[PDB]
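Q: My complex, part one, positions kept as in the full thing:
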Amino acid sequence: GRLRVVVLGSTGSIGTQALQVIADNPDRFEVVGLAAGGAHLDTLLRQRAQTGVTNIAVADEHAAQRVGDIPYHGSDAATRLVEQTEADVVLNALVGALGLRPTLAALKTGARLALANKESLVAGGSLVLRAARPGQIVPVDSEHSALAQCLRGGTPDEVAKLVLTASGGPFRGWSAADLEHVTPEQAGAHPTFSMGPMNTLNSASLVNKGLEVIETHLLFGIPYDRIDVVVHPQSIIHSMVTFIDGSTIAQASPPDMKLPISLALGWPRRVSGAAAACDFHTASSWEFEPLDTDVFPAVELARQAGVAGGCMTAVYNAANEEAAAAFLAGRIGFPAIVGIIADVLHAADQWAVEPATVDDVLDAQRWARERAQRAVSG
């Protein structure tokens, strides 16, 4: 029962943690493929040497040369890797909507898709769902892993509300005026998780939670009006489900993505010692507070995009990818990220149509990016 696992984005925060889970559990797991972008050759070389896996994709040409003996190069290498490798699980830990084709290819192989790359589901919408069999997509994202666990506690019609926790990011409690003076350095410091740059910045702008609300609707089929967000600064409660009787079931643990990574990999069997459990022999406090939707409208914007449906969620995500890179590049101030997203959505009525093919998602994304790019430069 040793599962062959393909790991996309092997060099990143999620990817390296997954490799560790796999290294610890050689009886449950075997890595049979790695994909990365090329920006961390050292990490990737170490990974090839350690796992002995030579079946590798690198996206960047110049870097793939520098490493030597890499089978797949270019923008399509991760997708090709997935298409050309027999596997039982594909862990998609890529960042960005560029994970979309690897996601679809992974589902087409019939393997389990252990999905960290939330943007590809957000972008793909129904296109991704229609490509998947029940149970084929298993969430790595911690809120959704928590939700899937909590949902074992009732029948689907017994669900009243899904409740996602948000750490609130480094700027929890700040005012709108305060946000004007945010720096990339300040935004790059998350209170509870160590992550790659994108999720870090998104958790600070709250665009991450917005993505996760959309991701929740897609995976679990609960309407947006029944998906709530509460701020919980400790990130110990990863999410929860309120049932129609007044009962709430919650999943909790010290923040550590190795737990939901482990569960996604071997779903539905749990993996012993994946992560530390809460220590109930020492005092602690789990705090809740509402989100300041006035100062952080990203989640509301995401519900708006999600309710409109179709390619609109792809537009929401693509606008953020442009506006967020712009902030990181010093081209806009921090508040302009969600400002631009709002601008782009409110002019995107033509995209509230369900996509027929990938190309429709790519069209909406290109439109969204061009629109955000103009707002940036102007």
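A: It's in. Numbers count the residues shown, from 1 in each chain, chains lettered A, B, ... in the order given.

Q: Contact partners for the closest residue to residue A:250 other than its chain neighbours?
A: Ranked by Cβ to Cβ, 6 or more residues apart in numbering and with sequence neighbours excluded, the top spatial neighbour of residue A:250 is residue A:240, at 3.8 Å. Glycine gets a C-beta too; all of them are placed from N, C-alpha and C. With Cβ atoms under 8 Å, 6 or more residues apart in numbering as the criterion, the residues that contact residue A:240 are A:146, A:147, A:150, A:162, A:163, A:165, A:248, A:249, A:250, A:251.

Q: want to try CSV for the residues you listed, with neighbour count and distance to residue A:298 as columns?
A: As requested, the contacts of residue A:240 are exported to CSV (neighbours: other Cβ atoms under 10 Å; distance: Cβ to Cβ, whole Å):
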residue, neighbour count, distance to residue A:298
A:146, 28, 21
A:147, 28, 20
A:150, 22, 24
A:162, 25, 18
A:163, 24, 17
A:165, 27, 15
A:248, 14, 25
A:249, 16, 27
A:250, 18, 24
A:251, 21, 24
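
Q: What strand or helix carries the residue nearest to residue A:250?
A: Element membership for residue A:240 (DSSP states H and E) is strand A:237-243.

Q: Next: residue A:4.
A: When elements are defined using DSSP H and E, residue A:4 is found to belong to strand A:3-8.

Q: tilt between the very next helix or strand once past that strand and strand A:3-8?
A: The first helix or strand that comes after strand A:3-8 along the chain, using DSSP H and E, is helix A:13-24. In terms of direction (axes from the mean of the first three to the mean of the last three Cα atoms, to 10 degrees), helix A:13-24 departs from strand A:3-8 by 160 degrees.

Q: so how far is helix A:13-24 off the chain centroid?
A: What separates the centre of helix A:13-24 from the centre of its chain is 16 Å, taken as Cα atoms, centre = their mean, to the nearest Å.

Q: If you count contacts, what does whichever helix or strand comes after that helix end up packed against?
A: Next in sequence after helix A:13-24, counting helices and strands by DSSP H and E, comes strand A:29-36. Using 3 or more Cβ pairs under 8 Å, 6 or more residues apart in numbering; DSSP states H and E as the contact criterion, the neighbours of strand A:29-36 among helices and strands are strand A:3-8, helix A:13-24, helix A:41-51, strand A:56-58, helix A:77-84.

Q: deepest of the ones you listed, which one?
A: When the helices and strands packed on strand A:29-36 are scored by mean count of other Cβ atoms under 10 Å, the highest mean neighbour count falls to strand A:56-58 (a mean of 26).

Q: Break chain A down into its structural domains.
A: Under the assignment named as curated CATH domains, the residue ranges that make up the domains of chain A are A:1-141, A:142-292, A:293-378.

Q: what's the span of the first one from first residue to last?
A: Put plainly, it is domain A:1-141. End-to-end span of domain A:1-141 (Cα to Cα, to the nearest Å): 25 Å.

Q: Run the chain-centre distance for it.
A: 14 Å.

Q: quick one, phi psi at the closest residue to residue A:83 other than its chain neighbours?
A: Nearest in space to residue A:83, with sequence neighbours left out and distances taken as Cβ to Cβ, 6+ apart, is residue A:105 at 5.2 Å. Here is the backbone geometry of residue A:105 (degrees, to the nearest 10): phi -60, psi -40.

Q: Give me the secondary structure label for the closest residue to residue A:169 other than its chain neighbours.
A: In space, not counting the residues next to it along the chain, residue A:169 is nearest to residue A:204; the distance is 4.1 Å by Cβ to Cβ, 6+ apart. When states are read from DSSP: H, G, I helix; E, B strand; the rest coil, the local structure at residue A:204 comes out as helix.

Q: Chain B comes next; put it on the structure above:
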Amino acid sequence: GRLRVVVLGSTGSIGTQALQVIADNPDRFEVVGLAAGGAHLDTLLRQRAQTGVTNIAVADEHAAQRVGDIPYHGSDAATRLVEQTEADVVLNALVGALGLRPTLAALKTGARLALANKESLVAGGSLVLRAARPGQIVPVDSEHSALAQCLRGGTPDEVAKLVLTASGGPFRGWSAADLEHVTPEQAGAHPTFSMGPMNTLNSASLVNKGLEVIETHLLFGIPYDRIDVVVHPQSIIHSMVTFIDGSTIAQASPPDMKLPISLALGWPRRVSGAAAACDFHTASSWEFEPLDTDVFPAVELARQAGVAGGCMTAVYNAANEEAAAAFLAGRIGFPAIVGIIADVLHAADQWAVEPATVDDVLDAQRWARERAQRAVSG
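A: Okay, here's chain B dropped in alongside the others:
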């Protein structure tokens, strides 16, 4: 389609909450039987009138004559009622180990036993388990109801520990010194629940949590070494399960026994609108702290009685009923309640043998009561 329900201990705290739950849900439940002691005839009268049930047991013979039209009176009336009534569920909401015979009778009818009367399971031990079919006993006690829901989150070999919450009672965090000057009136004030006198006193002394540890062992078959206790002042988290991967699943709601009552009657289907849900629109916090076993040894003493096994858990509870009545009557100080329990337990080596019949359990309890009564006199 309606479930026929016998309610033992109908006039008390759990009993009246259950009647209200049943009245609010006539398409699901009907009362077909009531048992009480005879101390509250106005309530009993009111319940007869409101439910339309004359199938009633009253323990006190003179009381039965006063209220009139009672078919079963005497100390065996509750048992005979259960033996002579067709039902789907017997809700045992009696208090004390006197609930033992009705409990054993309920199991023998084949009905589901919705159990609030934890003493009868603690006292009966393996005698009660021998009489039950798998899944026949369904917990009303809130921690065990919580545990049952939380256990849906895994397969049996995936459980690492069950964690019971305790409010800590009115004397949470008090020193041994502070406890010496405790009065009945002060012990009568619970921080989070409103209850009958016995469960009120036991939650102040932490004997209640002790009983619930034993209750946990018996209901779920988890070893004592994997049943932990944590103090949680809000009583919002009702208990939790930690799994081998580090994940904890918890069940939460504002304190209200109507929730576990409703779930026990309708198991496994949830009852819409049974109780209020946690509201996360207003700020709040959930705290956890350890219990100081130097000041409150009741839990460790229970775990010790449980491991010794047999009639020892009967001894533990019987010694408590005796010492607790003494405290309520002003014959001993508050610390001597658990003090006397520990002493009776240390003298009780002869009872670490499993009961063959109910009479063995009865014998152990007489001894334990006499032994405690001796301690009170000095």
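
Q: so, the contacts of residue A:240 revisited with chain B in the model?
A: Taking Cβ atoms under 8 Å, 6 or more residues apart in numbering or on different chains as the definition of contact, the neighbours of residue A:240 are A:146, A:147, A:150, A:162, A:163, A:165, A:248, A:249, A:250, A:251, B:252.

Q: secondary structure element for the second one?
A: Same thing as residue A:147. Under the criterion DSSP H and E, the helix or strand holding residue A:147 is helix A:142-150.

Q: who does the helix or strand following that helix pair up with?
A: Moving toward the C-terminus from helix A:142-150, the next helix or strand (DSSP H and E) is strand A:159-166. Paired strands of strand A:159-166, with direction, are strand A:227-231 (parallel), strand A:237-243 (antiparallel) (DSSP bridges).

Q: which one of those is the most hemmed in?
A: Greatest average neighbour count among those goes to strand A:237-243 (a mean of 26), per mean count of other Cβ atoms under 10 Å in any protein chain shown.

Q: if we can go back for a sec, list of residues touching the helix holding residue A:147?
A: Counting contacts by Cβ under 8 Å, 6+ apart, the residues outside helix A:142-150 that touch it are A:138-139, A:162, A:164-165, A:212, A:215-216, A:219-220, A:237-241, A:249-251, A:255, A:257, A:259-260, A:263-264, B:153, B:247, B:249.

Q: again, only this time at 7 Å
A: Residues outside helix A:142-150 that contact it (Cβ atoms under 7 Å, 6 or more residues apart in numbering or on different chains): A:139, A:162, A:164-165, A:212, A:215-216, A:219-220, A:238-241, A:249-251, A:257, A:260, A:263-264, B:153, B:247, B:249.

Q: can you state the direction angle for that helix and strand B:237-243?
A: 100 degrees.

Q: Which positions are bridged to residue A:72 in the beta structure?
A: residue A:57.

Q: element containing residue A:198, please.
A: Following DSSP H and E, the helix or strand that holds residue A:198 is helix A:197-205.

Q: For that helix, report the contacting residues that lie outside it.
A: A:95-96, A:167, A:169-171, A:187-188, A:190, A:208, A:211, A:298, A:324, A:328, A:337-338.

Q: quick one: which of those has the most company?
A: The member of those surrounded by the most neighbours (other Cβ atoms under 10 Å in any protein chain shown) is residue A:337, with 30 neighbours in all.

Q: so that one is in which element?
A: Here residue A:337 sits within helix A:335-345, counting by DSSP H and E.

Q: and if you look at residue A:216?
A: Once you assign secondary structure using DSSP H and E, residue A:216 falls within helix A:207-220.

Q: Which strands and helices lie in contact with that helix?
A: The helices and strands touching helix A:207-220, judged by 3 or more Cβ pairs under 7 Å, 6 or more residues apart in numbering or on different chains; DSSP states H and E, are helix A:118-124, helix A:142-150, strand A:159-166, helix A:197-205, strand A:227-231, helix A:298-308, helix A:312-328.

Q: just so I know, which of those lies nearest residue B:271?
A: If you check each of the helices and strands packed on helix A:207-220 against residue B:271 by Cβ to Cβ, strand A:159-166 wins as the nearest, at 12.6 Å.

Q: ok, then the element right after that closest one?
A: Sequence-wise, the next helix or strand downstream of strand A:159-166 (DSSP H and E) is helix A:176-179.

Q: Report the buried residues of that next one.
A: Neighbour counts using 16 or more other Cβ atoms under 10 Å in any protein chain shown place residue A:179 of helix A:176-179 among the buried residues.

Q: Can you name every helix or strand that it contacts?
A: In terms of contacts (3+ Cβ pairs under 7 Å, 6+ apart), helix A:176-179 is packed against no helix or strand at all.

Q: Identify all contacting residues around the helix or strand that it is followed by.
A: Once helix A:176-179 ends, the next helix or strand along the chain (criterion: DSSP H and E) is helix A:184-187. For helix A:184-187, the external contacting residues (Cβ under 7 Å, 6+ apart) are A:170, A:201, A:204, A:327, A:328, A:334.

Q: Great, nothing more from me.
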